[PDB]
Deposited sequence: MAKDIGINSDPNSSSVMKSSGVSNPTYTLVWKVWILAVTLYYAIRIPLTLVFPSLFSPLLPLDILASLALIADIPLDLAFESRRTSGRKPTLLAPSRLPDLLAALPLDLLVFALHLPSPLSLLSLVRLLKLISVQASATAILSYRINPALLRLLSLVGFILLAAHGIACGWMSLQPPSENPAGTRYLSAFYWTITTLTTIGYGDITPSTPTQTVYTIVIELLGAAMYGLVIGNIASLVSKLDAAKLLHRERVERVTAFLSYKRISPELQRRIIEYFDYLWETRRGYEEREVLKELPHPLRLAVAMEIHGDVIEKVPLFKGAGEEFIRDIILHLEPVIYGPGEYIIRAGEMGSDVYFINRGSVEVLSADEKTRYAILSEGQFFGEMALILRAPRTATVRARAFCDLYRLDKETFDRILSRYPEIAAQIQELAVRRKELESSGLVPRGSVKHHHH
């Protein structure tokens, strides 16, 4: 979109002015050579203040917002330079630099999504500090005694001084020699201390948030381990729990499915649940013929559970009541004595369907081959769901 290109162009124009205005205040002879750009740049500025009125909600000129735009659109710089009027009034040429805050707001709004906000604020602060350093170096030159030194070396020395002061390094090889330079130095010292404190605070804020997920996982694991140590839990079970948390981190950054899915609204939660359990519940022979309404109601009630390697999901002879769907990993179905393996079931398969229709003991043992992500449906909830689908209840009773 060309409007963003216009905003980038105005970024360039305001940077042009932030560079040129103090550098022209210290070197008046620089005015006329760059005059054809100045009229070009100022025109662009007068082009902007009516433009964004068509985008602010895609005319509150009396509000504090849009005040720096119009205040910085006045051709004060041209008049000040042309009139060669005295410096104490010439300083009003800087009023155009108030466009900087509006340009910062625009850049923040057009980079508010691709860039971390803390990093965006840090980068904006760094750019502002570089521009302020340029301005402060120009002021330092303006207070320096006249000399035959080339303008480039003068600017280099002033920028060296201002960087030495703002960074608080303070070599002191360049120091104020006059009372006005001393007052200016005091002001710049306070400003540099504030700017460097802002830099440090922004960096601290940025870096304190980097490992949020990993630090949350670590605090969770330490809490659990300390509590289990208090309860005198044996180290084997503690090792199994530690490796469970290792699995949870390496697979899904320690996030709980139960808590993540609550952050979605019901239509999106239903879409996600239908996506994850794709055809796994619509391939079950118990309710192949069921309507999609019953399928949706079943899908919304599946509870995620993770079983570790070798953990028993079902033991033969237990008065079980739950059916399980394998979302990831694999399980072995074993005899009641576990001396022989009836089957291996893998991702996309299911077991325990008999518990939903009958109330009989479990036919065979089920044991996880490794870390299995499974979904559990309780017969209590299955009956609750059947309570509102009499046709499906009749179908399943006929099957039973």
Inset, instruction - Pop the missing stretches of the deposited sequence into a list, counting residues from 1 and keeping sequence order. - result: 1-25, 84-89, 432-453
